[PDB]
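This document starts with one chain, in the form deposited in one PDB entry, laid out as C-alpha cells.
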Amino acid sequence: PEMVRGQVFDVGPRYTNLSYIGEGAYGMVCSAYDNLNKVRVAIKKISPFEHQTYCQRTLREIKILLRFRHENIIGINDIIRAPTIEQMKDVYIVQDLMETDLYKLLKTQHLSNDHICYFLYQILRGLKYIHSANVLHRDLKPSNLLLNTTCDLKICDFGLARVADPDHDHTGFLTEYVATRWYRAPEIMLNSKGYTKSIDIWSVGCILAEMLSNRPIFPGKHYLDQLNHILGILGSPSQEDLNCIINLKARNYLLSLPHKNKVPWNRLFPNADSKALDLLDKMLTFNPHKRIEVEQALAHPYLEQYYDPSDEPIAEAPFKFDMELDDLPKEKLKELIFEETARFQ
C-alpha cells in the first residue's frame, strides 16, 4: 500500500512504484509498474461515494470507456475495487501509460506546422468517434490530450462526459458550469447547458489556437471575464447571431455592450498557415448552429494529407439516451458502479 500526495493507493502488489501524474476534484492519477505484464501503466484513483454528483460522473466515465475502442482514445485495461460494496471505498482505473500531455508540451516546446496538423487530425479523429456514439466529451483541453514519443495522441478524462441532449440545451444567463473556463464556449455563459456537440468543437478551436502560439487565446481571469475575452477577439455578435438568443437577460447584456470589430486571425497568428487560420475561424464561430462540425473539420483543406474517411471509424453501439443518474442517491449509484466493475474481479 504505497502513498502519493497523501493518498493511499491500494493497487499492490500487482502494481508497484507509484509516481504522481495529476489530480482532480475527487480523483488522482499515478504511473506504476504492472508486475506480470512487464510494463508501466497509468492508474486513476476515484473517490466519489461521498457525493451524488461524483457518483454520477464516475458511472458515466466507466460506462463510456468500457464501450469505446479507438486508437485516439484512452481505454481501460483493468479496474480495481474491493470485493464487496461494504468494503468498497475507492475505484481504480488502469489505463495505458502515455509519456506526457499537450499542456506539458506547450509550456516548453514550439510546435511545427506538421506537428500541429497531425495533432489536430488525431483529436478530430477521436472526436468523430465520440460524437458518433452520441457522446459529448465536455472537457477537451491540453492537459486532457496525451502524447508519446512518436506523436500518437489519445483523448482522456471522460468524467464530465454525457449523452447529447439537444432538445434540453436552453438555459438562463450566467448559469453555473463545471467545465474548464478557457475552453468554454460563449453560449455556456448566455443560454446553453452544453448538451450539444458544438460545445466540443469550440474547445478544439481553442486548442488549435494554443498550439499556434503556445498561449491560451481566451485567458479569462474568472467566470465573468471569459466572455470579455471571446467578444474582444470575435467582436460584437451580428443581428442574426443575436436573434438566436431569446433569453432577455443574455440578449440585453449583449446589446448593452459598445460596438467592437472582429480581430483578424492573421494579426494574432502572423506565422500561421492560412488554411489553419481558415479552419480555426470555423471552429471558433460565435453562433453554435453556424459552427463547423467534426466531420466537416476533417474534410478541411488544412488536413487534406491525412483525411481518409474509410480510416476514420465510428462507434458500433452508440448510446440511446442519457441515464437518469441525477435523481439517484449516492447509495444506488454506488451499487451501479459496483455492478459495472464486476467483470474485472
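Position 1 is the first residue in the sequence shown; the rest follow in order.
One more form of this protein exists, namely the form deposited with a partner chain bound; it is left out here, but the text below deals with it.
Proximity to its partner chain in the deposited complex holds for all of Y121, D152 and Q305, with the criterion being a heavy atom within 4.5 Å. Just one listed stretch, out of 158 to 166, 122 to 130, 202 to 210, 74 to 82, contacts its partner chain in the deposited complex at the 4.5 Å heavy atom level, and that stretch is 122 to 130. Of the heavy atoms in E316, none are within 4.5 Å of its partner chain in the deposited complex. The shortest heavy atom separation between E86 and its partner chain in the deposited complex exceeds 4.5 Å. Of the heavy atoms in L234, none are within 4.5 Å of its partner chain in the deposited complex.
Within this chain, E99 lines the site of its partner chain in the deposited complex, having a heavy atom no more than 4.5 Å away.
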